[PDB]
Structures are given as structure tokens and as C-alpha cells.
file structure13.txt (compact mmCIF, C-alpha atoms and all ligand atoms)
# COMPACT_ATOMS: atom_id res chain seq x y z
CA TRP Y 137 0.00 0.00 0.00
CA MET Y 138 1.07 3.57 -0.87
CA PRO Y 139 -0.58 6.51 1.01
CA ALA Y 140 -3.30 8.79 -0.43
CA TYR Y 141 -1.61 12.18 0.11
CA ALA Y 142 1.67 13.11 -1.61
CA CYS Y 143 2.88 14.60 1.71
CA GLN Y 144 2.70 11.12 3.31
CA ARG Y 145 5.13 9.49 0.82
CA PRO Y 146 8.62 10.25 -0.49
CA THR Y 147 8.65 11.36 -4.15
CA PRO Y 148 12.27 11.38 -5.43
CA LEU Y 149 13.60 13.60 -8.25
CA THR Y 150 14.18 10.70 -10.68
CA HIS Y 151 11.84 7.75 -11.18
CA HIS Y 152 10.92 4.79 -13.42
CA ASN Y 153 7.77 6.08 -15.17
CA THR Y 154 8.70 9.34 -16.89
CA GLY Y 155 6.91 8.52 -20.17
CA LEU Y 156 3.68 7.68 -18.39
CA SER Y 157 3.71 10.61 -15.93
CA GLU Y 158 4.58 13.01 -18.81
CA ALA Y 159 1.54 11.88 -20.78
CA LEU Y 160 -0.73 12.31 -17.75
CA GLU Y 161 0.75 15.75 -17.03
CA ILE Y 162 0.07 16.86 -20.62
CA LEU Y 163 -3.59 15.97 -19.95
CA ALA Y 164 -3.45 17.77 -16.58
CA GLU Y 165 -2.03 20.95 -18.11
CA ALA Y 166 -4.57 20.95 -20.96
CA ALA Y 167 -7.42 20.61 -18.45
CA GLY Y 168 -5.99 23.60 -16.54
CA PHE Y 169 -5.93 25.53 -19.81
CA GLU Y 170 -9.66 24.82 -20.14
CA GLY Y 171 -10.37 25.88 -16.50
CA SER Y 172 -11.13 22.22 -15.61
CA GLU Y 173 -9.52 22.40 -12.15
CA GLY Y 174 -10.93 19.01 -11.03
CA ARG Y 175 -9.57 17.01 -13.99
CA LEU Y 176 -6.25 18.90 -13.58
CA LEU Y 177 -5.83 17.77 -9.96
CA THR Y 178 -6.96 14.22 -10.87
CA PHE Y 179 -4.35 13.77 -13.64
CA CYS Y 180 -1.69 15.50 -11.47
CA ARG Y 181 -2.37 13.12 -8.54
CA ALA Y 182 -2.22 10.08 -10.89
CA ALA Y 183 1.07 11.30 -12.38
CA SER Y 184 2.43 11.83 -8.83
CA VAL Y 185 1.58 8.24 -7.89
CA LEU Y 186 3.62 6.91 -10.81
CA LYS Y 187 6.56 9.08 -9.66
CA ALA Y 188 6.52 7.47 -6.19
CA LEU Y 189 6.51 3.87 -7.54
CA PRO Y 190 9.76 1.93 -6.93
CA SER Y 191 9.62 0.13 -10.30
CA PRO Y 192 8.48 0.82 -13.87
CA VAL Y 193 4.87 0.00 -14.89
CA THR Y 194 5.33 -2.56 -17.68
CA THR Y 195 1.85 -4.22 -17.46
CA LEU Y 196 -1.61 -2.89 -16.57
CA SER Y 197 -1.94 -5.44 -13.72
CA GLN Y 198 0.59 -3.21 -11.86
CA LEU Y 199 -2.06 -0.43 -11.54
CA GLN Y 200 -4.10 -2.77 -9.20
CA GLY Y 201 -5.11 -1.06 -5.92
CA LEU Y 202 -3.29 2.26 -6.54
CA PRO Y 203 -4.87 5.48 -5.18
CA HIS Y 204 -5.96 8.32 -7.48
CA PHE Y 205 -6.10 6.05 -10.55
CA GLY Y 206 -9.61 6.28 -12.02
CA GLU Y 207 -10.78 4.93 -15.38
CA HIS Y 208 -9.44 7.79 -17.51
CA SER Y 209 -5.88 7.76 -16.09
CA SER Y 210 -5.75 3.92 -16.41
CA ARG Y 211 -6.82 4.00 -20.07
CA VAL Y 212 -4.00 6.47 -20.89
CA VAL Y 213 -1.36 4.14 -19.39
CA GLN Y 214 -3.07 1.13 -21.04
CA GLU Y 215 -2.89 2.59 -24.55
CA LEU Y 216 0.77 3.61 -23.96
CA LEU Y 217 1.64 0.09 -22.72
CA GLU Y 218 -0.21 -1.64 -25.58
CA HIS Y 219 0.37 0.74 -28.53
CA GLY Y 220 3.32 3.03 -27.59
CA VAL Y 221 1.05 6.08 -28.01
CA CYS Y 222 -2.18 7.49 -26.52
CA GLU Y 223 -4.51 9.07 -29.14
CA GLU Y 224 -6.00 11.69 -26.82
CA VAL Y 225 -2.50 12.85 -25.73
CA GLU Y 226 -1.31 13.17 -29.35
CA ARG Y 227 -4.48 15.12 -30.29
CA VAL Y 228 -3.83 17.51 -27.41
CA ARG Y 229 -0.12 17.91 -28.36
CA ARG Y 230 -1.03 18.89 -31.94
CA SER Y 231 -4.09 21.01 -31.05
CA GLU Y 232 -3.77 24.73 -31.78
CA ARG Y 233 -5.56 25.57 -28.53
CA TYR Y 234 -3.05 23.63 -26.42
CA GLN Y 235 0.06 24.79 -28.30
CA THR Y 236 -1.07 28.45 -28.07
CA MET Y 237 -2.04 28.23 -24.40
CA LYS Y 238 1.36 26.65 -23.68
CA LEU Y 239 3.14 29.35 -25.72
CA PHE Y 240 1.37 32.22 -23.96
CA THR Y 241 1.29 30.91 -20.38
CA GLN Y 242 5.05 30.21 -20.53
CA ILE Y 243 5.71 33.95 -21.03
CA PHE Y 244 6.86 35.78 -17.88
CA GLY Y 245 3.80 37.48 -16.32
CA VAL Y 246 1.11 35.59 -18.26
CA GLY Y 247 -1.38 33.30 -16.46
CA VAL Y 248 -4.19 31.12 -17.79
CA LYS Y 249 -6.87 33.84 -17.79
CA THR Y 250 -4.75 36.22 -19.83
CA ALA Y 251 -3.57 33.53 -22.24
CA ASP Y 252 -7.17 32.38 -22.79
CA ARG Y 253 -8.40 35.99 -23.32
CA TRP Y 254 -5.69 36.49 -25.92
CA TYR Y 255 -6.64 33.18 -27.56
CA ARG Y 256 -10.36 34.15 -27.69
CA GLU Y 257 -9.29 37.48 -29.22
CA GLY Y 258 -7.51 35.68 -32.08
CA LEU Y 259 -3.89 36.05 -30.93
CA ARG Y 260 -1.69 33.02 -31.73
CA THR Y 261 1.99 33.82 -32.02
CA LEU Y 262 4.59 35.82 -30.18
CA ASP Y 263 4.66 38.25 -33.10
CA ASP Y 264 0.86 38.72 -32.72
CA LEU Y 265 1.50 39.88 -29.11
CA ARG Y 266 4.30 42.23 -30.22
CA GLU Y 267 1.93 43.84 -32.73
CA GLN Y 268 -0.48 44.65 -29.81
CA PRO Y 269 1.74 46.15 -27.13
CA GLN Y 270 -1.20 48.10 -25.67
CA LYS Y 271 -2.49 44.66 -24.57
CA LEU Y 272 0.71 43.89 -22.59
CA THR Y 273 1.83 44.77 -19.09
CA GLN Y 274 5.42 45.97 -18.66
CA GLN Y 275 6.27 42.59 -17.12
CA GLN Y 276 4.83 40.81 -20.19
CA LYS Y 277 6.80 43.18 -22.44
CA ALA Y 278 10.01 42.13 -20.66
CA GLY Y 279 8.96 38.50 -20.95
CA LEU Y 280 8.61 38.89 -24.72
CA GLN Y 281 11.88 40.80 -25.05
CA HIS Y 282 13.73 37.89 -23.40
CA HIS Y 283 11.53 34.92 -24.30
CA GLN Y 284 14.31 32.86 -26.02
CA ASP Y 285 16.53 33.03 -22.92
CA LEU Y 286 13.61 32.57 -20.54
CA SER Y 287 12.54 29.35 -22.28
CA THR Y 288 16.15 27.98 -22.12
CA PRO Y 289 16.26 25.77 -19.02
CA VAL Y 290 18.10 27.33 -16.10
CA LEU Y 291 21.05 25.16 -15.08
CA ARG Y 292 22.59 24.42 -11.71
CA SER Y 293 25.74 26.36 -12.72
CA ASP Y 294 23.52 29.40 -13.44
CA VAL Y 295 21.98 29.00 -9.98
CA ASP Y 296 25.40 28.87 -8.35
CA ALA Y 297 26.54 32.05 -10.13
CA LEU Y 298 23.31 33.86 -9.27
CA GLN Y 299 23.36 32.81 -5.62
CA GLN Y 300 26.89 34.28 -5.34
CA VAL Y 301 25.86 37.73 -6.68
CA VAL Y 302 22.68 37.75 -4.56
CA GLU Y 303 24.65 36.70 -1.43
CA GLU Y 304 27.27 39.42 -2.09
CA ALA Y 305 24.62 42.12 -2.59
CA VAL Y 306 22.72 40.94 0.52
CA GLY Y 307 25.94 40.69 2.62
CA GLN Y 308 27.06 44.16 1.58
CA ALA Y 309 23.62 45.73 2.26
CA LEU Y 310 23.15 44.08 5.68
CA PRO Y 311 25.72 41.90 7.54
CA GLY Y 312 23.98 38.86 9.11
CA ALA Y 313 21.22 38.71 6.45
CA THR Y 314 20.88 35.27 4.81
CA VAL Y 315 19.93 34.03 1.37
CA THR Y 316 18.33 30.57 1.04
CA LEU Y 317 17.85 28.76 -2.28
CA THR Y 318 14.28 27.46 -2.48
CA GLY Y 319 12.01 26.25 -5.31
CA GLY Y 320 12.89 23.30 -7.53
CA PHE Y 321 16.66 23.63 -7.06
CA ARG Y 322 16.37 23.07 -3.32
CA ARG Y 323 14.38 19.90 -4.20
CA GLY Y 324 17.46 18.67 -6.12
CA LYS Y 325 16.37 19.48 -9.68
CA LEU Y 326 19.12 19.91 -12.27
CA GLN Y 327 17.19 22.51 -14.21
CA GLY Y 328 14.30 24.98 -13.92
CA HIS Y 329 12.36 27.89 -15.35
CA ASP Y 330 13.62 30.35 -12.70
CA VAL Y 331 15.65 30.63 -9.46
CA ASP Y 332 13.91 31.21 -6.15
CA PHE Y 333 15.62 32.78 -3.17
CA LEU Y 334 14.27 33.46 0.33
CA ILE Y 335 15.97 36.30 2.21
CA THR Y 336 15.80 36.94 5.98
CA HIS Y 337 17.71 38.23 9.06
CA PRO Y 338 17.81 36.52 12.51
CA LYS Y 339 16.73 39.71 14.32
CA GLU Y 340 13.04 40.27 13.49
CA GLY Y 341 12.67 43.61 11.68
CA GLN Y 342 16.27 44.06 10.50
CA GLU Y 343 15.02 42.81 7.08
CA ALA Y 344 13.00 46.07 6.69
CA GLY Y 345 14.12 48.00 3.56
CA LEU Y 346 16.73 45.35 2.72
CA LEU Y 347 15.31 44.25 -0.66
CA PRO Y 348 15.39 47.68 -2.26
CA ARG Y 349 19.05 48.02 -1.17
CA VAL Y 350 19.89 44.58 -2.64
CA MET Y 351 18.24 45.59 -5.91
CA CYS Y 352 20.12 48.94 -6.11
CA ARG Y 353 23.42 47.09 -5.72
CA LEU Y 354 22.51 44.48 -8.34
CA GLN Y 355 21.23 47.16 -10.71
CA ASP Y 356 24.49 49.13 -10.34
CA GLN Y 357 26.50 46.04 -11.41
CA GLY Y 358 24.53 45.69 -14.65
CA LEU Y 359 22.90 42.48 -13.48
CA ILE Y 360 19.25 43.49 -13.72
CA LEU Y 361 17.26 43.62 -16.94
CA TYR Y 362 13.87 43.95 -15.34
CA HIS Y 363 12.72 44.49 -11.79
CA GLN Y 364 9.26 44.80 -10.28
CA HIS Y 365 9.17 45.41 -6.55
CA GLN Y 366 5.98 44.76 -4.62
CA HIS Y 367 5.48 45.66 -0.96
CA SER Y 368 3.58 43.13 1.18
CA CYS Y 369 -0.19 43.50 1.38
CA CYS Y 370 -1.67 41.61 4.36
CA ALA Y 384 1.78 39.22 1.24
CA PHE Y 385 5.59 38.90 1.41
CA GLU Y 386 7.80 41.69 0.19
CA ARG Y 387 9.25 40.44 -3.13
CA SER Y 388 10.95 41.38 -6.36
CA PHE Y 389 10.17 39.74 -9.74
CA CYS Y 390 13.41 39.96 -11.71
CA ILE Y 391 15.06 39.14 -14.97
CA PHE Y 392 18.83 39.00 -14.30
CA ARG Y 393 21.45 39.47 -17.00
CA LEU Y 394 23.74 36.51 -16.21
CA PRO Y 395 27.22 36.87 -17.70
CA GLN Y 396 28.60 33.78 -19.42
CA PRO Y 397 31.82 33.17 -21.28
CA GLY Y 410 31.65 35.53 -24.27
CA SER Y 411 27.92 36.31 -24.00
CA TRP Y 412 25.06 36.50 -21.46
CA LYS Y 413 21.62 35.17 -20.74
CA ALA Y 414 18.44 36.46 -19.19
CA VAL Y 415 17.29 34.42 -16.20
CA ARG Y 416 14.14 34.74 -14.08
CA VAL Y 417 14.77 35.18 -10.38
CA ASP Y 418 12.26 35.57 -7.52
CA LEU Y 419 13.65 37.29 -4.42
CA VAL Y 420 11.30 36.93 -1.47
CA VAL Y 421 11.86 38.52 1.97
CA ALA Y 422 10.36 36.91 5.06
CA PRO Y 423 10.67 37.93 8.72
CA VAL Y 424 12.50 35.17 10.55
CA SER Y 425 9.44 34.28 12.68
CA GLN Y 426 7.67 33.31 9.42
CA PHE Y 427 10.77 31.85 7.65
CA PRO Y 428 10.06 28.10 8.24
CA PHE Y 429 6.58 28.52 6.72
CA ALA Y 430 7.88 30.55 3.81
CA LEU Y 431 10.68 28.03 3.19
CA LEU Y 432 8.20 25.12 3.25
CA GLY Y 433 5.75 26.91 0.94
CA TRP Y 434 8.41 28.15 -1.49
CA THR Y 435 10.28 24.82 -1.70
CA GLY Y 436 7.28 23.03 -3.21
CA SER Y 437 6.55 21.14 -5.29
CA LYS Y 438 3.30 22.93 -6.20
CA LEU Y 439 1.39 19.63 -5.86
CA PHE Y 440 3.20 18.64 -2.66
CA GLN Y 441 2.23 21.96 -1.04
CA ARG Y 442 -1.36 21.70 -2.34
CA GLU Y 443 -1.53 18.23 -0.79
CA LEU Y 444 0.11 19.29 2.49
CA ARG Y 445 -2.45 22.12 2.87
CA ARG Y 446 -5.36 19.81 2.04
CA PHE Y 447 -3.97 17.33 4.58
CA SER Y 448 -3.61 19.97 7.33
CA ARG Y 449 -7.17 21.19 6.72
CA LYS Y 450 -9.01 17.90 6.06
CA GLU Y 451 -7.10 15.64 8.46
CA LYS Y 452 -6.00 18.02 11.24
CA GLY Y 453 -8.35 21.04 11.07
CA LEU Y 454 -5.41 23.48 10.71
CA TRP Y 455 -4.93 26.04 7.89
CA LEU Y 456 -1.39 25.99 6.49
CA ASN Y 457 0.10 28.69 4.31
CA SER Y 458 3.47 30.33 3.62
CA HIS Y 459 3.12 32.63 6.71
CA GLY Y 460 1.92 30.26 9.39
CA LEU Y 461 -0.22 27.40 10.67
CA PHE Y 462 -3.51 28.66 12.17
CA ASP Y 463 -6.08 26.83 14.32
CA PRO Y 464 -9.37 28.48 13.28
CA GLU Y 465 -11.32 27.06 16.29
CA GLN Y 466 -8.80 28.20 18.93
CA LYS Y 467 -7.73 31.30 16.93
CA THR Y 468 -4.03 30.41 17.55
CA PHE Y 469 -0.83 30.39 15.41
CA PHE Y 470 1.76 27.61 15.67
CA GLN Y 471 5.31 28.62 16.71
CA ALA Y 472 7.78 26.84 14.41
CA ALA Y 473 11.57 26.99 14.46
CA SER Y 474 12.05 24.75 11.44
CA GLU Y 475 10.30 22.80 8.69
CA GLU Y 476 10.73 19.70 10.91
CA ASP Y 477 8.60 21.38 13.64
CA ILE Y 478 5.80 21.94 11.12
CA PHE Y 479 5.76 18.31 9.89
CA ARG Y 480 5.91 17.10 13.52
CA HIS Y 481 2.97 19.35 14.45
CA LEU Y 482 0.86 17.96 11.57
CA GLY Y 483 1.60 14.33 12.56
CA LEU Y 484 3.71 13.69 9.45
CA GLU Y 485 7.10 12.04 9.09
CA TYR Y 486 9.64 14.59 7.91
CA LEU Y 487 10.36 14.65 4.20
CA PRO Y 488 13.56 16.36 3.11
CA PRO Y 489 13.18 18.75 0.14
CA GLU Y 490 14.51 16.17 -2.39
CA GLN Y 491 11.58 13.81 -1.54
CA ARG Y 492 8.94 16.53 -2.11
CA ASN Y 493 9.08 16.20 -5.92
CA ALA Y 494 5.41 15.23 -6.16
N1 LIG D 1 3.98 31.48 -1.01
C1 LIG D 1 3.85 31.34 -2.35
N2 LIG D 1 4.32 30.20 -2.92
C2 LIG D 1 4.23 30.00 -4.26
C3 LIG D 1 3.60 31.04 -5.10
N3 LIG D 1 3.64 30.59 -6.36
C4 LIG D 1 4.24 29.36 -6.35
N4 LIG D 1 4.57 29.02 -5.09
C5 LIG D 1 5.26 27.79 -4.62
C6 LIG D 1 5.00 26.54 -5.45
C7 LIG D 1 6.31 26.22 -6.14
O1 LIG D 1 6.69 24.86 -5.92
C8 LIG D 1 7.35 27.16 -5.54
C9 LIG D 1 8.19 27.98 -6.51
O2 LIG D 1 7.48 28.29 -7.71
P1 LIG D 1 8.07 27.90 -9.15
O3 LIG D 1 7.02 28.21 -10.18
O4 LIG D 1 9.44 28.54 -9.26
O5 LIG D 1 8.17 26.29 -9.05
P2 LIG D 1 9.51 25.39 -8.91
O6 LIG D 1 10.68 26.25 -8.50
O7 LIG D 1 9.12 24.25 -8.02
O8 LIG D 1 9.74 24.79 -10.39
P3 LIG D 1 10.73 25.35 -11.54
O9 LIG D 1 11.95 24.47 -11.45
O10 LIG D 1 10.99 26.81 -11.25
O11 LIG D 1 9.94 25.16 -12.81
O12 LIG D 1 6.66 28.06 -4.67
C10 LIG D 1 3.11 32.26 -4.40
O13 LIG D 1 2.57 33.18 -5.04
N5 LIG D 1 3.26 32.34 -3.06
MN MN D 2 11.33 27.97 -9.38
MN MN D 3 9.55 31.22 -8.95
call {"tool": "encode", "arguments": {"input": "structure13.txt", "output": "C-alpha cells", "more": "lines below"}}
Ligand SMILES: Nc1nc2c(ncn2[C@H]2C[C@H](O)[C@@H](COP(=O)(O)OP(=O)(O)OP(=O)(O)O)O2)c(=O)[nH]1
Ligand SMILES: [Mn+2]
Ligand SMILES: [Mn+2]
result
Amino acid sequence: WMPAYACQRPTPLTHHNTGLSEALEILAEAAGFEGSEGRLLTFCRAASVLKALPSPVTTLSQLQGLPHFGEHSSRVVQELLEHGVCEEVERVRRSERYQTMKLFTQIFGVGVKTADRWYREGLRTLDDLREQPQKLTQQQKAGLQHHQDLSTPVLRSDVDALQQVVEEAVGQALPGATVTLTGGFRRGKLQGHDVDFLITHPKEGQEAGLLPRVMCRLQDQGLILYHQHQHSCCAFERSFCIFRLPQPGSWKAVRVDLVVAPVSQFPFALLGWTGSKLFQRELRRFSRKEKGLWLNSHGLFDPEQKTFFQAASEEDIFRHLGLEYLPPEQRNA
């Protein structure tokens, strides 16, 4: 038996069922593009199960008694096992709707609602968007300007170089302030679509006004192509950036999220920002459904008692929810 929730089972970075999970995730994504949130979560859960399996699925009899594997997800695997291809997945891959929604939603600053609006308005290509700049936010304009670089996977070596410049800027602005790599790279991934950093200081409140100082420094070194600062509204102070990463003989644009959290909230922010998206969705559903507690990136609240949990680490949070600790590299759900 394998547990129902992704937060109750280790999901490693690499697994034995990449072809099958990829097919299911194409169906998940396409459902999300159509606003079919239910079907999205269903395919995503089924994909996540395959990722946690210790062996490859070579016959359909191996699906027996697995959670989150309904009729539709089973048929997909079946056709792939029996014919090497699933017709519905290939139709989706070649569909103009899917290809366009993928193209648009991949652009920095574009979500599903925007992509779908643009689709319904007859926009199809990147050039179509560039011909209608009045329809674009400044963030989306920057996304388009750098789209080739921003669709090139970010590598671990890029992350290392970026963490150095961010640590130097942070260290110069405020001694004692820390930078923590989060997101997919903290989960052990070898590549990504951006780099995520969480910034704090051990004395609560010393992190006030730090991010703008970090950004000034980075800007002065020629490292920033685009920067949008947002103050917290509640909800963390953050900066959405495109860095200009020097490389031997050239350079590349890379997406970076810099998030500041007060150290009291840091374990929650780290947990939330480390992901995966599905893992965190599942952890929050678990906390609510199973334990009656509301988890987010700022805290763990008991709505009956009107209390907040005091957490020193991620381990404290897992412990409090009755879950065995999962290090970041087993959260790849
Ligand atoms: N607190 C908070 N967490 C978020 C938000 N958006 C996404 N997350 C979570 C879920 C993700 O696993 C994680 C970082 O987002 P990313 O889109 O960078 O995902 P991740 O780094 O896992 O994958 P990647 O390798 O960048 O494609 O943070 C947000 O607005 N607020
Ligand atoms: Mn990321
Ligand atoms: Mn990010």
C-alpha cells in the first residue's frame, strides 16, 4: 500500500515512469488551460503516484489497488503500454488551442486567464503579441523581449553564479542577512524555469528595507534587466526579476524571484516556497481535512482556537501535523 496524500510518501527527483507521468501531465495541463480544475488535480495526482513507484509500470496489472487512478488515467497508461502512443494525448499535443495556451502561459507574467483571453481574441503567435503592445503589461513586455533566454532551461551552474551575486549584494547591504535557495533547485532538480531565493535576518525587523538596497546594488552592477518590486499587502515583500547573467563571451536572461520573510515566518515561507506545487497543495489539504489546521506560507492557524503555531524549522511543522519529515529532495510530487 502507498498513502493517499503526496505529503505522506517520499517522491524522489528521478523515477521509473517518466513517459507515463509526462503523458498524464500533458492531460493535466490541458485541463488547466480549459479551467477544468478538477480534472487537472486528478491527472496530477495520478502522475504523482507513478513518480513514487519503486519500479516501472510494464503491465496494466501493476495499476491494481493504486490510489488516485480512475478509469481515464488507467486508459491512458493502457494505450501507452499496448500501442506506444495514446490518441488523446497526441491530439492535445497537436491542437492549436493547447500549443497556443502553452506558448502564452510560458511567457513571464502571463497566467491562464490572460492567455485564454488572448486566444479568444484571435492572438496566436509571439509576433501577434508584439503587434499589440497596448495589450501587454510591462512585465509581459520584458517576458517577450527575453523569451528565447527565458525558455532555455536554467542550469545548476547558473543558480550557483546567481546565488553568489545575490549573497554578495545581501551581505554588503546588511551583515547577518541570509539568502536561502528554495524552489525546484532546493528539491534537487538539475534545471528549472527560474531561481527562487528566500531572504531573511535573525533579528526580526532588520530585514525592513533590505530588498530595495539589494536591488540597487545588483542594478548598479549591470545584473538586472527587469525588476518589479511589490510591498507586502496583508503578502511577502518580493521582487520579480530578470537577471542578465554573464557567461563566457555572451550572457543570458534568467528569471529570479527574491522573497523577503521575517525570521518568525521563515520556516513557513521556506516550506511553501520549496514546493513542489502539488506537494504543497496536498500538504495544505492534509492539514485542513485531516488536522483542522490552515497551512500557508506565513503560518499554521487553528481556526477554532484562533491560535498560530510557533515553528523553528520545517521539521517542527511536519511534527505538528503528525507527518514524518520529508527532506526537500523527496517533495518532488
Ligand atoms: N507562497 C507562495 N508560494 C508560491 C507562489 N507561487 C508558487 N509558489 C510555490 C509553489 C512552487 O513549488 C514554488 C516555486 O514556484 P516555481 O514556479 O518557481 O516552481 P519550482 O521552482 O518548483 O519549479 P521550476 O523548477 O521553477 O519550474 O513556490 C506564491 O505566489 N506564493
Ligand atoms: Mn522555481
Ligand atoms: Mn519562482
call {"tool": "residues_near_ligand", "arguments": {"input": "structure13.txt", "ligand": "ligand MN 3 (chain D)", "cutoff": "9 Å", "atoms": "all atoms listed in the file", "output": "ChimeraX atom specification"}}
result
/Y:318-320,329-333,389,416-419,434
call {"tool": "write_last_selection", "arguments": {"input": "structure13.txt", "atoms": "C-alpha atoms", "output": "short mmCIF file (atom, residue, chain, number, x, y, z; two decimals), in the frame of the given file"}}
result
data_model
loop_
_atom_site.label_atom_id
_atom_site.label_comp_id
_atom_site.auth_asym_id
_atom_site.auth_seq_id
_atom_site.Cartn_x
_atom_site.Cartn_y
_atom_site.Cartn_z
CA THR Y 318 14.28 27.46 -2.48
CA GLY Y 319 12.01 26.25 -5.31
CA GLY Y 320 12.89 23.30 -7.53
CA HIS Y 329 12.36 27.89 -15.35
CA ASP Y 330 13.62 30.35 -12.70
CA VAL Y 331 15.65 30.63 -9.46
CA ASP Y 332 13.91 31.21 -6.15
CA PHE Y 333 15.62 32.78 -3.17
CA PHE Y 389 10.17 39.74 -9.74
CA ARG Y 416 14.14 34.74 -14.08
CA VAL Y 417 14.77 35.18 -10.38
CA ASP Y 418 12.26 35.57 -7.52
CA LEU Y 419 13.65 37.29 -4.42
CA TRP Y 434 8.41 28.15 -1.49
#
call {"tool": "residues_around", "arguments": {"input": "structure13.txt", "residues": "residue Y:144", "least_positions_apart": "3", "cutoff": "9 Å", "atoms": "all atoms listed in the file", "output": "count of residues only"}}
result
8
call {"tool": "atom_distance", "arguments": {"input": "structure13.txt", "atom1": "atom CA of residue Y:183", "atom2": "atom CA of residue Y:210"}}
result
10.8 Å
call {"tool": "closest_residue", "arguments": {"input": "structure13.txt", "among": "Y:205, Y:427, Y:436, Y:301", "to": "residue Y:359", "atoms": "only C-alpha atoms"}}
result
Y:301
call {"tool": "residues_near_ligand", "arguments": {"input": "structure13.txt", "ligand": "ligand LIG 1 (chain D)", "cutoff": "10 Å", "atoms": "only C-alpha atoms and all ligand atoms", "output": "PyMOL selection string"}}
result
chain Y and resi 289-291+317-333+384-385+416-418+420+429-442+457-459+492-494
call {"tool": "closest_residue", "arguments": {"input": "structure13.txt", "among": "Y:370, Y:189, Y:212, Y:415", "to": "ligand MN 2 (chain D)", "atoms": "all atoms listed in the file"}}
result
Y:415
call {"tool": "residues_near_point", "arguments": {"input": "structure13.txt", "point": "(1.4, 29.8, -22.3)", "cutoff": "10 Å", "atoms": "all atoms listed in the file", "output": "PyMOL selection string"}}
result
chain Y and resi 169+234-244+246-248+250-252
call {"tool": "closest_residue", "arguments": {"input": "structure13.txt", "among": "Y:369, Y:188, Y:295, Y:352", "to": "ligand MN 2 (chain D)", "atoms": "all atoms listed in the file"}}
result
Y:295
call {"tool": "closest_residue", "arguments": {"input": "structure13.txt", "among": "Y:204, Y:161, Y:482, Y:177", "to": "residue Y:462", "atoms": "all atoms listed in the file"}}
result
Y:482
call {"tool": "closest_residue", "arguments": {"input": "structure13.txt", "among": "Y:423, Y:286, Y:149, Y:267", "to": "residue Y:491", "atoms": "all atoms listed in the file"}}
result
Y:149
call {"tool": "atom_distance", "arguments": {"input": "structure13.txt", "atom1": "atom CA of residue Y:387", "atom2": "atom CA of residue Y:347"}}
result
7.6 Å
call {"tool": "residues_around", "arguments": {"input": "structure13.txt", "residues": "residue Y:412", "least_positions_apart": "3", "cutoff": "12 Å", "atoms": "all atoms listed in the file", "output": "ChimeraX atom specification"}}
result
/Y:282,285,294,358-361,392-397,415
call {"tool": "closest_residue", "arguments": {"input": "structure13.txt", "among": "Y:443, Y:488, Y:281, Y:334", "to": "ligand MN 2 (chain D)", "atoms": "all atoms listed in the file"}}
result
Y:334
call {"tool": "residues_around", "arguments": {"input": "structure13.txt", "residues": "residue Y:268", "least_positions_apart": "5", "cutoff": "12 Å", "atoms": "all atoms listed in the file", "output": "ChimeraX atom specification"}}
result
/Y:254,257-263,273,276-277,280
call {"tool": "write_last_selection", "arguments": {"input": "structure13.txt", "atoms": "C-alpha atoms", "output": "PDB file, in the frame of the given file"}}
result
ATOM      1  CA  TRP Y 254      -5.690  36.490 -25.920  1.00  0.00           C
ATOM      2  CA  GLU Y 257      -9.290  37.480 -29.220  1.00  0.00           C
ATOM      3  CA  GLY Y 258      -7.510  35.680 -32.080  1.00  0.00           C
ATOM      4  CA  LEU Y 259      -3.890  36.050 -30.930  1.00  0.00           C
ATOM      5  CA  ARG Y 260      -1.690  33.020 -31.730  1.00  0.00           C
ATOM      6  CA  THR Y 261       1.990  33.820 -32.020  1.00  0.00           C
ATOM      7  CA  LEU Y 262       4.590  35.820 -30.180  1.00  0.00           C
ATOM      8  CA  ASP Y 263       4.660  38.250 -33.100  1.00  0.00           C
ATOM      9  CA  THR Y 273       1.830  44.770 -19.090  1.00  0.00           C
ATOM     10  CA  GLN Y 276       4.830  40.810 -20.190  1.00  0.00           C
ATOM     11  CA  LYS Y 277       6.800  43.180 -22.440  1.00  0.00           C
ATOM     12  CA  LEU Y 280       8.610  38.890 -24.720  1.00  0.00           C
TER      13      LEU Y 280
END
call {"tool": "atom_distance", "arguments": {"input": "structure13.txt", "atom1": "atom CA of residue Y:217", "atom2": "atom CA of residue Y:191"}}
result
14.8 Å
call {"tool": "residues_around", "arguments": {"input": "structure13.txt", "residues": "residue Y:478", "least_positions_apart": "6", "cutoff": "10 Å", "atoms": "only C-alpha atoms", "output": "PyMOL selection string"}}
result
chain Y and resi 428-429+432+456+460-461+470-472+484+486
call {"tool": "residues_around", "arguments": {"input": "structure13.txt", "residues": "residue Y:364", "least_positions_apart": "2", "cutoff": "9 Å", "atoms": "all atoms listed in the file", "output": "PyMOL selection string"}}
result
chain Y and resi 275+362+366+387-390
call {"tool": "build_atoms", "arguments": {"input": "structure13.txt", "residues": "stretch 223-236 of chain Y", "atoms": "N, CA and C atoms", "output": "short mmCIF file (atom, residue, chain, number, x, y, z; two decimals), in the frame of the given file"}}
result
data_model
loop_
_atom_site.label_atom_id
_atom_site.label_comp_id
_atom_site.auth_asym_id
_atom_site.auth_seq_id
_atom_site.Cartn_x
_atom_site.Cartn_y
_atom_site.Cartn_z
N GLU Y 223 -3.89 8.21 -28.11
CA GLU Y 223 -4.51 9.07 -29.14
C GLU Y 223 -4.92 10.44 -28.61
N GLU Y 224 -5.55 10.45 -27.45
CA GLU Y 224 -6.00 11.69 -26.82
C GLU Y 224 -4.81 12.63 -26.50
N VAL Y 225 -3.70 12.07 -26.02
CA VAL Y 225 -2.50 12.85 -25.73
C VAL Y 225 -1.91 13.45 -27.01
N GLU Y 226 -1.84 12.66 -28.08
CA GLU Y 226 -1.31 13.17 -29.35
C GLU Y 226 -2.20 14.27 -29.94
N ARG Y 227 -3.52 14.11 -29.83
CA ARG Y 227 -4.48 15.12 -30.29
C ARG Y 227 -4.26 16.45 -29.55
N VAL Y 228 -4.12 16.35 -28.23
CA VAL Y 228 -3.83 17.51 -27.41
C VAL Y 228 -2.52 18.17 -27.86
N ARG Y 229 -1.43 17.39 -27.94
CA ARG Y 229 -0.12 17.91 -28.36
C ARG Y 229 -0.18 18.73 -29.66
N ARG Y 230 -0.94 18.25 -30.64
CA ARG Y 230 -1.03 18.89 -31.94
C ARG Y 230 -2.12 19.97 -32.00
N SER Y 231 -3.00 20.04 -31.01
CA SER Y 231 -4.09 21.01 -31.05
C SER Y 231 -3.57 22.45 -30.94
N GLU Y 232 -4.17 23.33 -31.73
CA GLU Y 232 -3.77 24.73 -31.78
C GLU Y 232 -4.03 25.41 -30.44
N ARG Y 233 -5.17 25.08 -29.85
CA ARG Y 233 -5.56 25.57 -28.53
C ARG Y 233 -4.48 25.27 -27.47
N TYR Y 234 -4.02 24.03 -27.43
CA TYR Y 234 -3.05 23.63 -26.42
C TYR Y 234 -1.72 24.31 -26.67
N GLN Y 235 -1.22 24.19 -27.91
CA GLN Y 235 0.06 24.79 -28.30
C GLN Y 235 0.08 26.31 -28.01
N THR Y 236 -1.02 27.01 -28.29
CA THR Y 236 -1.07 28.45 -28.07
C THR Y 236 -1.12 28.78 -26.57
#
